[PDB]
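Heads up, the chain below is alone and in the form deposited without S-adenosyl-L-homocysteine; it's given as structure tokens.
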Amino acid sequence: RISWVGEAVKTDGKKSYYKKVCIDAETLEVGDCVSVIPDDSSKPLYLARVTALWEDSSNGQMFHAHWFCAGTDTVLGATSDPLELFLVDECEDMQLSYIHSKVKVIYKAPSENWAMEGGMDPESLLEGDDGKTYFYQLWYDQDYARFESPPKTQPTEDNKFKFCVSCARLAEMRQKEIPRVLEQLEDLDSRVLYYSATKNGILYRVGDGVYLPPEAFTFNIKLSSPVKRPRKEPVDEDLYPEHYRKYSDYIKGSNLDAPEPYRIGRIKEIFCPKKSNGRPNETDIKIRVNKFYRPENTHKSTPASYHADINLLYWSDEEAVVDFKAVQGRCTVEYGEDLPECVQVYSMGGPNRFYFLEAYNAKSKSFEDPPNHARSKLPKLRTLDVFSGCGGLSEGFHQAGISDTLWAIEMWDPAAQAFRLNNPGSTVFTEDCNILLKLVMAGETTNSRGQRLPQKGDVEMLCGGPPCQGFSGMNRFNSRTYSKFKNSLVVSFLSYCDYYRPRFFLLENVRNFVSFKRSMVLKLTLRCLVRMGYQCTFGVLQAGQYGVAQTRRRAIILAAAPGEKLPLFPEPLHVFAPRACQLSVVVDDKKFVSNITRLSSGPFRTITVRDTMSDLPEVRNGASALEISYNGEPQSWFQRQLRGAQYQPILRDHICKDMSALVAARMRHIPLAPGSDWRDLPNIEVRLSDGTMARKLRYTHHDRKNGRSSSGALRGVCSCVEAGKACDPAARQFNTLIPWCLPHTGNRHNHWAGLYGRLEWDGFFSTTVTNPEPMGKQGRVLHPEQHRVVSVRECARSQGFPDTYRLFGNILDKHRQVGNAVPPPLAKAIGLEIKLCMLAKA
């Protein structure tokens, strides 16, 4: 009934391998594909390739199954082609009696003319099927939701008869993870020294720099205990009646909980303890390092970090011993006064680069000079940027060195003009992107302005951020909203990708793009890319982790053409508040993360509001001078980067909105202490700059939930604070310094935390918005000390724009251009991941 076809081919102990087996009326050979029924009969069939066939002396006839992954089991879910399978690194030994039948599974490889095969309508992208047998084209990573071209892992001549691609790749991954020593240096009395060791694919040698977690070692600086902020001191509750609403100790935009960046050391020794027989215990690798000081680790403490370069260190003679498994990565730490090039071009020429010029003596608290023993392109992609705005994403890609944006599409004219001023060689289209694509597909060569349209082969990279108006809710699709989606700018952008078939594709959006419409927007987007034959992935990034003093999470979809390497997401560069770094995504109860491994720390300290704008001159509410003096040199590393190399005599766009007299009076009475907002306003009369008056807020109803003040005063300002009573229109009070509407509805809006809120010098910006309004949702827009809202220039700094980047229009147009942009430091980090793929292409 089940019988081997022939004789054995290898007797490996208790296993007898065969090349062919006959089951009932069928014959199976290595390489065939088969189905297996699960224990749950309602579940669909399991499908696998047979990689080996053998008899076991105890268990009987066996085979090795290299499982396929059904499309529904991927992030695509039910949007998947019902007959599409995906390769995965999942396999197991199995008895032959579990085999149900033989199946045909074909490999649908992209053609050599794949770049010219695009042009299918949205219905075919969204809902079209291959309409054939079972097939696969892509390999799938279930943890990271990555679709990639199938691996080309070659067999041996030894294991060809039983070769399993999944087994080989799993073995490669396991060995790549375990730390190993390579080249033995010297045999000591108690340890064996080594010249080099490897971990996670990285080579470590004596003298190399290593990243370590902050807990790896301490410094010999006997720290002093900072004066911990006491409990909220009692205030005069009649002068500040709304101060009680600050019972939460949480401060928006505060950096009190951001982790320390990495400890940094230079490898002095790589060693293993010796067993009694003299052999080294190579399963327990240790390293000895010299401790490097960051400026803030010295006695000068945190203020030493204000002016210092973010990659400046101080050599020291202190030493520590840590486990090799604790090393978080490799870095370069060089003596500055021996570099072939200047420090700035060194620091900008590669990742993980640090430098030192002096040494630090903790006992002496002095800075001597270091001892003697401390010393030893690609053509850019032609890019089309859709929904470009003023050009933040293009600017970051340009800094990464990967792109020339030769075409841009921007329908809002002030942003289009801004893009032109910064990109004089680019062609900027103002038409609706559907119109342009229709013209190109009709065979047109120029638009109605005479501008040459991009044709197939011109576009090598496509990037953009499409709005999602009409389907940015969380509720499920219905027939109405699904119609709006297939006619949406998201789908139009995907049609550009299908038509032009660039080498690389990038879609950026608000974080909730991954959750819109029960994640169907994300799932359909990935479905379209797979249907085109693209490798693709998705993830969420926090802009503050790449060098801005701003919390801004963005959803990122990356795609790479067949023949390309699919980029990884960039590792965080700066530590940031952990509350703002929630990057995981749940799709259909399956949790997805990106390849990012820096979860607890990072190489550089967090960028603060101080780093962002401490150098800008004081200006008034309503400041309108477009060109002023800086009044001094840049003070921080961040300011030195954004001001640039060439001296800039003129500071542009340090202008602020002209708030009304009442609002200006409110801002003038928000205290400067961190976390101050409308709840710290005094309840007083104040004469305004226009002769009018601001009135005392009167408490006219009893709020049983909130109680009464210490002097017995009420805390409700309307009858609606009762259970069922409605807002009595006579209870509305006007022109009060404490705005009436905030105590009115504060009980159900978390007390309107942050409204009329001041930024904190040591903290970060909330998400930079298109129109700073102190009483809007993102109300924390007051300057840390000046009685005004943040200026256009300050908002640009919070986005990481260079001071030379030109904006266009009135002040509200400039705020909108800044607030809508992708921060260039985030775009640059993504661009450098793309550059790695350009250089590694086979």
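Heads up: residue numbers just count along the shown sequence, starting at 1.
A second form of this protein, the form deposited with S-adenosyl-L-homocysteine bound, is not displayed here; the remarks below concern that form.
Engineer: Contact with S-adenosyl-L-homocysteine in the deposited complex for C433, defined as at least one heavy atom pair within 4.5 Å: yes or no?
Structural biologist: Flag for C433 set to yes.
Engineer: Mark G754 yes when one of its heavy atoms lies within 4.5 Å of a heavy atom of S-adenosyl-L-homocysteine in the deposited complex, and no otherwise.
Structural biologist: Residue-level check for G754: no, no contact with S-adenosyl-L-homocysteine.
Engineer: I'd like to know whether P151 contacts S-adenosyl-L-homocysteine in the deposited complex, with contact meaning heavy atoms within 4.5 angstroms.
Structural biologist: Result no; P151 lies far from S-adenosyl-L-homocysteine in the deposited complex.
Engineer: Does the 4.5 Å heavy atom contact test between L85 and S-adenosyl-L-homocysteine in the deposited complex come out positive?
Structural biologist: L85: no, not in contact with S-adenosyl-L-homocysteine in the deposited complex.
Engineer: Among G265, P241, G389, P502, which has any heavy atom within 4.5 Å of S-adenosyl-L-homocysteine in the deposited complex?
Structural biologist: Contact residue from the list: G389.
Engineer: Would you kindly say which of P572, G465, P772, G253 lies with a heavy atom within 4.5 Å of S-adenosyl-L-homocysteine in the deposited complex?
Structural biologist: Spelling it out, the residue with a heavy atom inside the cut-off is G465.
Engineer: Tell me which stretch of 381-389, 173-181, 186-194, 448-456 has a heavy atom within 4.5 angstroms of S-adenosyl-L-homocysteine in the deposited complex.
Structural biologist: Single hit among the candidates: 381-389.
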